[PDB]
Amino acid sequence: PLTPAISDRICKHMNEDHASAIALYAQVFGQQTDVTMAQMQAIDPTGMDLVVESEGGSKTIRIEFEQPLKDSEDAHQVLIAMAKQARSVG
């Protein structure tokens, strides 16, 4: 499952240890320009809430997933997936 508790633990590691991915997400899937920083406010089964510093200045964007997340691994799989595709284009 994906509960707010499960969300925060994700956004703690993601922000602490995988920050360059959060930026690549805002850049490719968030349609931001010259992203200096991005952090995950929340992750739910339908999308994640990013706080991005990008062209025009700091903002909150919502990235919607193509499909709902059934479990937590779904979230692992999407964050590996989005990283790969976001690296493929640029």
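Position 1 is the first residue in the sequence shown; the rest follow in order.
Could you settle it for me: does 6 to 14 or 74 to 82 have the higher average Cα B factor in the PDB entry? According to the entry, 6 to 14 carries the higher average C-alpha B-factor.
Which is higher on mean Cα B factor in this entry, 64 to 72 or 17 to 25? That would be 64 to 72.
C-alpha B factor of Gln31, ranked within the chain: lowest, middle or highest third? Tercile = middle for this residue's CA B-factor.
If you rank the chain by CA B-factor, which third does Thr46 end up in: lowest, middle or highest? It belongs to the lowest third of the chain when residues are ordered by C-alpha B-factor.
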